Amino acid sequence: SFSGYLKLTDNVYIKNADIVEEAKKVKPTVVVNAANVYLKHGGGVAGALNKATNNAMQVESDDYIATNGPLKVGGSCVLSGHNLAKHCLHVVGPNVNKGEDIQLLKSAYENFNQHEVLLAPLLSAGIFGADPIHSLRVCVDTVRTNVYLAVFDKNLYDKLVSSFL
Ligand SMILES: OCC1CCN(c2ncccn2)CC1
């Protein structure tokens, strides 16, 4: 199971970890991807998770988009976790760098409530441009299921822990 996490609340845990390495070690039931509406896993967490699957995530995703069309910002879909997890929950947080509504971050986190336990990154953080402190706050105030957050950046991890109210 999950090890080395700092407990923030009854159901939220956090660790300074590379989510790909964490997923390869834990093999969780669900790993969350920081997806975009097109499931184009180019960079950030998505690029890294897809590279770990040897592009199998992208091949599966392109078939999903060809059949269903794009996701909504704030929405999600469950696809295979490939070699990383049983399932991957592709969740689209708002991308501030694309001018998307930050209010959609709560809707994005609500997708996590459909899964009893998840390994996840902070939604809309990193290259999505939102304030990770705000993302952690929305996570704690929205997710009720057990969420194990992996924060890649040590300096950001320390700032998130030290400023957590
Ligand atoms: O390219 C190497 C990386 C794999 C780890 N990443 C991550 N993990 C957890 C939370 C946020 N980012 C960033 C990319």
# chains A, B, ... in the order shown; residues from 1 in each chain; ligands from 1
$ residues_around --residues "residue 28 of chain A" --least-positions-apart "2" --cutoff "7 Å" --atoms "only C-alpha atoms" --output "PDB file with N, CA and C atoms, in the first residue's frame"
ATOM      1  N   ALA A  23       3.259   5.277  -8.911  1.00  0.00           N
ATOM      2  CA  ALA A  23       2.323   4.346  -9.531  1.00  0.00           C
ATOM      3  C   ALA A  23       3.000   3.014  -9.825  1.00  0.00           C
ATOM      4  N   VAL A  26       3.348   1.274  -6.203  1.00  0.00           N
ATOM      5  CA  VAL A  26       2.107   0.946  -5.535  1.00  0.00           C
ATOM      6  C   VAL A  26       1.184   0.064  -6.388  1.00  0.00           C
ATOM      7  N   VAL A  30      -6.448   3.141  -8.872  1.00  0.00           N
ATOM      8  CA  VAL A  30      -6.652   4.298  -9.711  1.00  0.00           C
ATOM      9  C   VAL A  30      -5.499   5.263  -9.607  1.00  0.00           C
ATOM     10  N   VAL A  31      -4.938   5.633 -10.747  1.00  0.00           N
ATOM     11  CA  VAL A  31      -4.028   6.742 -10.825  1.00  0.00           C
ATOM     12  C   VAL A  31      -4.749   7.841 -11.595  1.00  0.00           C
ATOM     13  N   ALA A  85      -1.361   1.212 -13.078  1.00  0.00           N
ATOM     14  CA  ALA A  85      -2.491   1.123 -12.154  1.00  0.00           C
ATOM     15  C   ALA A  85      -3.547   0.218 -12.802  1.00  0.00           C
ATOM     16  N   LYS A  86      -4.606  -0.182 -12.065  1.00  0.00           N
ATOM     17  CA  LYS A  86      -5.685  -0.920 -12.687  1.00  0.00           C
ATOM     18  C   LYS A  86      -6.390   0.034 -13.709  1.00  0.00           C
ATOM     19  N   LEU A 119      -4.455   7.580  -6.309  1.00  0.00           N
ATOM     20  CA  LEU A 119      -3.137   8.221  -6.342  1.00  0.00           C
ATOM     21  C   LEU A 119      -3.325   9.378  -7.324  1.00  0.00           C
TER      22      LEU A 119
END
$ residues_near_ligand --ligand "ligand 1" --cutoff "8 Å" --atoms "only C-alpha atoms and all ligand atoms" --output "JSON, numbers by chain"
{"A": [16, 17, 18, 19, 20, 21, 43, 44, 45, 47, 48, 49, 120, 121, 122, 125, 126, 149, 150, 151, 152, 153]}
$ closest_residue --among "A:46, A:123, A:39, A:89" --to "residue 65 of chain A" --atoms "only C-alpha atoms"
A:39
$ closest_residue --among "A:155, A:1, A:76, A:68" --to "residue 112 of chain A" --atoms "only C-alpha atoms"
A:76
$ closest_residue --among "A:55, A:67, A:3, A:80" --to "residue 29 of chain A" --atoms "only C-alpha atoms"
A:80
$ atom_distance --atom1 "atom CA of residue 84 of chain A" --atom2 "atom CA of residue 36 of chain A"
19.3 Å
$ closest_residue --among "A:160, A:35, A:165, A:138" --to "residue 93 of chain A" --atoms "only C-alpha atoms"
A:35
$ residues_around --residues "residue 99 of chain A" --least-positions-apart "6" --cutoff "12 Å" --atoms "only C-alpha atoms" --output "ChimeraX atom specification"
/A:73,93,124,128-130
$ select_by_dssp --residues "segment 37-76 of chain A" --states "alpha helix (DSSP H)" --output "MDAnalysis selection string"
chainID A and resid 44:52 56:68
$ select_by_dssp --residues "segment 13-145 of chain A" --states "strand (DSSP E)" --output "list in words"
residues 13, 14, 15, 16, 30, 31, 32, 33, 34, 76, 77, 78, 79, 80, 87, 88, 89, 90, 91, 117, 118, 119 and 120 of chain A
$ closest_residue --among "A:54, A:163, A:145, A:9" --to "residue 116 of chain A" --atoms "only C-alpha atoms"
A:145
$ residues_around --residues "residue 107 of chain A" --least-positions-apart "3" --cutoff "9 Å" --atoms "only C-alpha atoms" --output "MDAnalysis selection string"
chainID A and resid 73:75 93 103:104 110:111 142
$ closest_residue --among "A:14, A:37, A:52, A:136" --to "residue 100 of chain A" --atoms "only C-alpha atoms"
A:37
$ atom_distance --atom1 "atom CA of residue 38 of chain A" --atom2 "atom CA of residue 69 of chain A"
7.8 Å
$ atom_distance --atom1 "atom CA of residue 96 of chain A" --atom2 "atom CA of residue 72 of chain A"
15.0 Å
$ decode --residues "segment 54-93 of chain A" --atoms "C-alpha atoms" --output "short mmCIF file (atom, residue, chain, number, x, y, z; two decimals), in the first residue's frame"
data_model
loop_
_atom_site.label_atom_id
_atom_site.label_comp_id
_atom_site.auth_asym_id
_atom_site.auth_seq_id
_atom_site.Cartn_x
_atom_site.Cartn_y
_atom_site.Cartn_z
CA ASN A 54 5.29 3.36 -23.89
CA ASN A 55 2.54 5.50 -25.55
CA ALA A 56 -0.15 2.86 -24.96
CA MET A 57 -2.11 5.46 -22.96
CA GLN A 58 -2.09 7.83 -25.96
CA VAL A 59 -3.17 5.07 -28.38
CA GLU A 60 -6.06 4.12 -26.12
CA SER A 61 -6.92 7.80 -25.61
CA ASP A 62 -7.03 8.58 -29.33
CA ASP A 63 -9.49 5.72 -29.84
CA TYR A 64 -11.58 7.05 -26.90
CA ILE A 65 -11.67 10.57 -28.44
CA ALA A 66 -12.44 9.22 -31.92
CA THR A 67 -15.50 7.46 -30.46
CA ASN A 68 -16.67 9.97 -27.83
CA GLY A 69 -15.31 13.38 -28.66
CA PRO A 70 -13.51 15.60 -26.19
CA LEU A 71 -14.10 15.67 -22.47
CA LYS A 72 -15.48 18.75 -20.74
CA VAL A 73 -13.21 20.95 -18.59
CA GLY A 74 -14.06 19.67 -15.09
CA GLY A 75 -14.91 16.21 -16.46
CA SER A 76 -13.24 12.86 -16.55
CA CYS A 77 -13.16 9.43 -18.04
CA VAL A 78 -11.90 6.07 -16.78
CA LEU A 79 -9.48 4.29 -19.05
CA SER A 80 -6.86 1.58 -18.50
CA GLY A 81 -4.04 2.16 -16.05
CA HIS A 82 -1.74 0.08 -18.33
CA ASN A 83 1.44 -0.86 -16.44
CA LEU A 84 0.87 1.86 -13.81
CA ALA A 85 -2.49 1.12 -12.15
CA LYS A 86 -5.68 -0.92 -12.69
CA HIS A 87 -7.37 2.25 -14.04
CA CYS A 88 -6.42 5.73 -15.02
CA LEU A 89 -8.91 8.42 -14.19
CA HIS A 90 -8.24 11.18 -16.71
CA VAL A 91 -9.45 14.35 -15.06
CA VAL A 92 -9.49 17.76 -16.78
CA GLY A 93 -8.79 20.62 -14.44
#
